[PDB]
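Since the structure comes first, as structure tokens, the remarks are kept for the end.
Values in this text are rule-based calculations from the coordinates and carry no lab data. A quick note on method: Cβ atoms are made from the backbone with ideal geometry, for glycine too, and the neighbour counts reach across all protein chains shown.
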Amino acid sequence: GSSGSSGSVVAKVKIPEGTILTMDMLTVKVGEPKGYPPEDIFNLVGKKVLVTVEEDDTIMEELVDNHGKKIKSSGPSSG
């Protein structure tokens, strides 16, 4: 079927800025894909937040910094 109220990954608790994500601080509010998908959820678990998220709040890609994997200075700002 088309309909899939999979939900979006919302913060399970307040995630203060500068903290790294873990599954113990996340959940997926089954209802609407308003925010981050529960499919790519693992990519979030390891990123750092840019703002103090509140409990049950909708996490977004603009609220997490990019990955710090690549051993090289490249990637111009999209903002």
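Observations
- Some residue of the stretch 42-56 being closer than 20 Å to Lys69 by Cβ, under 9 Å from the mean Cα position of the chain (by Cα) and part of a loop (DSSP other than H, G, I, E, B): yes
- Checked against the criterion of being touching a residue at least 12 places away in the same chain (Cβ under 8 Å), exposed (fewer than 12 other Cβ atoms within 10 Å of the Cβ) and of a type in the set (A, V, I, L, M), the stretch 24-35 has at least one qualifying residue.
- Given (1) touching a residue at least 24 places away in the same chain (Cβ under 8 Å); (2) small (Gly, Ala, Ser); (3) out of contact with any strand residue (DSSP E or B) (no Cβ under 8 Å at 6 or more places or on another chain), index of the condition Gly75 fails: (1)
- Any pair with Cβ under 6 angstrom, 6 or more apart, that starts in the stretch 47-64 at a residue that is without any contact (Cβ under 8 Å) to a residue 60 or more places away in the chain and β-branched (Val, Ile, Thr) and ends at one that is surrounded by fewer than 15 Cβ atoms within 10 Å (Cβ to Cβ) and assigned to a loop (DSSP other than H, G, I, E, B): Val49/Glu17; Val49/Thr19; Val51/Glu17; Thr52/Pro16; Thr52/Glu17
- Answer residue from the stretch 52-79, given it is within 30 Å of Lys12 (Cβ to Cβ) and among the hydrophobic types (A, V, I, L, M, F, W, C) and is surrounded by the most Cβ atoms within 10 Å (Cβ to Cβ) among those: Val53
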